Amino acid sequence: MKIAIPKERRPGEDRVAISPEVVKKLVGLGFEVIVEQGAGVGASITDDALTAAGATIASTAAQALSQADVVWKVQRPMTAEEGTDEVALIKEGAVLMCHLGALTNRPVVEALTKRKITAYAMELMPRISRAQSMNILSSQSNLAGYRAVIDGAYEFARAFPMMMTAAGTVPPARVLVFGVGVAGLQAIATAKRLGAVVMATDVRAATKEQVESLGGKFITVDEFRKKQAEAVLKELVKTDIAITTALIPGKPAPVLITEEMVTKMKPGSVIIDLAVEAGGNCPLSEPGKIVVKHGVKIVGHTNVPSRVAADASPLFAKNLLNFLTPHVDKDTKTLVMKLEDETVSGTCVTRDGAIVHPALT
C-alpha cells in the first residue's frame, strides 16, 4: 500500500505527520511512503532526511495524495467551504488518520463521507493504558505546557531564578499554574527547574499530590466555600507569571482569571492563556495576540504545540504509527482495521460512505 503525508496548509501550522524514524518503520511494514515537497520544513525535517529514510517525494499535494491508500495529517483537511478542497485530493475509499475535531466539525466529516473515506479521529483515542502511546492530546499538550513557560519567560522582564550577586540579590519569579492536567504539570516542572517559586490550583483534589510531587505548592484554605477564591487571589497578587490551562471539550473554557482579578496583579506580570482558542480562562485574551491591559501582558498564542513543531512532529507521527501498527497484515499487502479493537471503534467517525460514530449519526 501507499501512505501519503502532505504539508499542513492551515495558517501557522508548522508540524508534519511524519518523521525519518517513522518512515523507516513504515517501509519495514511494507508501505510505500510518499511525502509532499517541503512538508517537514517547519518541523526541521528536510526532503533529503526523508529520502534517506526511504520515502518518495511528490512535488505537489495532489500528486502525494493521488494514489495513497492511507493518508496521515496533523490538522483536519480543509473543505471547499473553507476555500481549499483538500478532501477532494484524497483518493476515494482511502483511510485518513489525523486530528479531526470531528465532534465540532461535522462539515469535514460529511465531506469525507461523500468520498467514502474511512476517517479515524485521533483525538477520540480511548483513555486506556495500552493506548497511551497513541494519544495525541497528551503528547502535544505536554509540549504546550513546556512552551507556556518559555513564552512566559520571554515576555517577562525579570529572570526566573534567584541570583545572589556582589551587586545585590534579585528574587526568583513567582508562577501560578491554573489547571493541573498534562500541560499544567509540565509547566510546573519547567517553571520549577528554571528556579521559580511555583504555585498551582485545580478544582480536582487528587491534583494536590501531583503538584507536590513536582516541588510545587498547592493552594489550600484551612457550606459556601469561596474562601478558595480568596486564597487564590492572595497568591495571584504576588504572582509574576500566571499560566492557565483549563479546557472543557466541546464547551467554552472556564473563566479562572476575571478582569477584576487582572487589575489586582502587579505591573510587568504576564498571563499565558492556553485556553484562548476555546474562549480563554481570561476574558482579556485574544487569539494570536499579546494584549496589554492594567500593566499586565495577556499572551494568547494559537496552536502552541506548533511552537514546538520539530519535537511535536516526531511524537505525533509516533502516535499514528503506534495506532496503525497492530492492523498491518503483511502476508497480504492490506490494512485490516479490527472492529472489536476499542481504539478503532473509539476513533472511527465514518467508513464506506456512512457516518459511524454515535455522536455524529
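Position 1 is the first residue in the sequence shown; the rest follow in order.
- Going from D222 to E223, the model skips 10 or more deposited residues, which lack coordinates.
- For the pair 142 to 150 and 76 to 84, the mean B factor over Cα atoms is greater in 76 to 84.
- Mean CA B-factor, 40 to 48 versus 312 to 320: the higher value falls on 40 to 48.
- Take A191, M199, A231, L137 and read off each C-alpha B-factor from the entry; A231 has the highest.
- For the set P254, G179, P171, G195, the PDB entry assigns the largest Cα B-factor to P254.
- In the PDB entry, a CA B factor belonging to the middle third of its chain's modelled residues is recorded for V95.
- Per-chain ranking of the deposited C-alpha B factor places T343 in the middle third.
- Among the modelled residues of the chain, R9 sits in the middle third by CA temperature factor in this PDB entry.
- Per the deposited record, the Cα B-factor of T325 falls in the middle third when ranked against the other modelled residues of its chain.
- The entry lists a Cα temperature factor for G184 that places it in the lowest third of the chain's modelled residues.
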